[PDB]
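Asker: Okay, structure incoming, though there's no sequence with it:
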């Protein structure tokens, strides 16, 4: 059903576009100045703030870039927003930029200070997908969250409490949690946790376990390709009428859109442009915890690790100066594309006999034992954990698609026998 899903999300994309265009028309920015991921960001945040203000706005004068510090009627912003969405709220829309920010933050920064202070191992990076993502995020906003993300929450919710309506949260927060797991025990052990009203260190210690189980027996976490407002604004302005032509966040749509985007970015004096583009590109698909090998494969070019990356962050701090500041054109094109997945990969009182109702060749079942016959769920997992090898192939048969292959017709299988450059962005 490509009607609602493909076109309703198109309508949410149109809103962001239209709005970005309106908002650019207010600031009286130029074309080059509306394509500046910097300014786009500021605008996006102005809005999410107002629906839950001012910001840094960079201008282009003969030669050099001028930063303007401006403020807007928090309500005016809310007004212009609905105007674009037909006077609707389009929470989806705000939530969308709510993620674009997330996915950018999960790649620009490493959130160790918080994991440890929670009592999670800093090496649990690949499980903190969407830790920055405000709770206000929607229902399809949390689905993007990593297993580890959920744990940091409950643990704090629990840690301060164990140190009214708050209950329905906890159970649900676990149900979601549990819905991340895709194996018997995993699933069952989550329940054993959700049993305690005042879950103390008993739970505190157990979920942390399950956190680590996901490092091996991963869960289902959705990835959403959420591009900057400018990209959608520019697209809308170019005629693309997504609600009519359909759009996706996990298909070929987002890559294709980025195949023509003209996004520019402010770049500090000693920073590497190629390195800058990489960053943004990884935020456009939630590839901050992906295997660098595959990221580079699909990317088309080296996807260098965070440490070796030359850049501190895309936003410009009030500290810096404009004199020594210039801007480059971000390389967001990719070689192939791939279905952004959700899956993490993987490798009595009852009846005892069957009463036959039809005449067919059928082995008739009965439980030989029970008839003639007259522990720690951790263990289960630890035992599963074990048989697991890092070489264990996932998404068997799934491949990569050419950018011409609009339909999911012909898949391509990558062979990594190659002089790679690592697998852990962090």
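Answerer: Thanks, I have the structure now. Residues are numbered from 1 along each chain as shown.
Asker: quick one, strands of the protein?
Answerer: Here the chain has its strands, by DSSP state E, at 54-60, 65-71, 264-267, 326-329.
Asker: With mean neighbour count and distance to residue 188 as added columns, please give those strands in TSV.
Answerer: Where you see a C-beta, it was placed from the backbone N, CA and C, and this is true even at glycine. Compiled in TSV, the strands of the chain are given as follows (neighbours: other C-beta atoms under 10 Å; distance: least, C-beta to C-beta, whole Å):
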stretch	mean neighbour count	distance to residue 188
strand 54-60	17	48
strand 65-71	13	53
strand 264-267	22	48
strand 326-329	16	52
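Asker: right, and those - which one's nearest residue 243?
Answerer: strand 264-267 (27.4 Å; C-beta to C-beta).
Asker: which residue of this protein sits farthest from its center?
Answerer: Within the chain, the residue lying farthest from the chain centre (C-alpha atoms, centre = their mean) is residue 374, at 56.1 Å.
Asker: what about residue 123, how many neighbours?
Answerer: Neighbour count of residue 123, defined by other C-beta atoms under 10 Å: 13.
Asker: do residue 177 as well
Answerer: Neighbourhood size, residue 177 [other C-beta under 10 Å]: 23.
Asker: What of residue 258?
Answerer: When neighbours are counted by other C-beta under 10 Å, residue 258 registers 21.
Asker: give me every residue that touches it.
Answerer: 227, 231, 284, 332-334 (C-beta atoms under 8 Å, 6 or more residues apart in numbering).
Asker: quick one: which two of those are the most distant?
Answerer: Maximum pairwise distance among the contacts of residue 258 (C-beta to C-beta): 14.0 Å, between 231 and 334.
Asker: More neighbours: the two, which one.
Answerer: residue 231 (27 against 21).
Asker: can you give me the helices in the stretch 251-400 of the chain?
Answerer: For the stretch 251-400 of the chain, the helices defined by DSSP state H, counting those that start in this stretch cover 252-257, 273-285, 292-299, 368-372, 377-387.
Asker: Tell me how far the longest one lies from the chain's centre.
Answerer: Think helix 273-285. Relative to its parent chain, helix 273-285 has a centroid offset of 15 Å by C-alpha atoms, centre = their mean, to the nearest Å.
Asker: Would you indicate which residues of that helix are buried?
Answerer: Applying a neighbour-count criterion of 16 or more other C-beta atoms under 10 Å, one finds 273, 276-285 buried in helix 273-285.
Asker: from those, which single one is nearest residue 319?
Answerer: Checking those against residue 319 by C-beta to C-beta gives residue 276 as the nearest, at 18.8 Å.
Asker: Run a quick check on the closest one versus residue 327, I expect a contact.
Answerer: No - taking C-beta atoms under 8 Å as the definition, residue 276 is not a contact partner of residue 327, at 10.0 Å.
Asker: Need the overlap of contacts for these two.
Answerer: 265, 267.
Asker: before we move on, back to that, distance to residue 110 added to the contacts of residue 258, as TSV?
Answerer: TSV is the format used below for the contacts of residue 258 (distance: C-beta to C-beta, whole Å):
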residue	distance to residue 110
227	23
231	26
284	19
332	23
333	27
334	24
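Asker: of the strands of the chain, which approaches residue 132 most closely?
Answerer: Checking the strands of the chain against residue 132 by C-beta to C-beta gives strand 54-60 as the closest, at 17.9 Å.
Asker: Please work out which residues outside the closest one touch it.
Answerer: Under the contact criterion C-beta under 8 Å, 6+ apart, strand 54-60 has outside partners 27, 29-30, 32-33, 36, 38-39, 42-43, 45-46, 65-72, 266, 315-316, 318.
Asker: how close does residue 390 get to residue 345?
Answerer: Distance, residue 390 to residue 345, by C-beta to C-beta, to the nearest Å: 11 Å.
Asker: For the two, indicate the residue with more neighbours.
Answerer: For the pair residue 390 and residue 345, the greater number of neighbours falls to residue 345 (15 against 6), based on other C-beta under 10 Å.
Asker: residues in contact with the more buried one?
Answerer: Residue 345 is in contact with 218, 392, 394-395, counting by C-beta under 8 Å, 6+ apart.
Asker: and which of those is nearest residue 238?
Answerer: Nearest to residue 238 out of the contacts of residue 345 is residue 395 (C-beta to C-beta; 34.4 Å).
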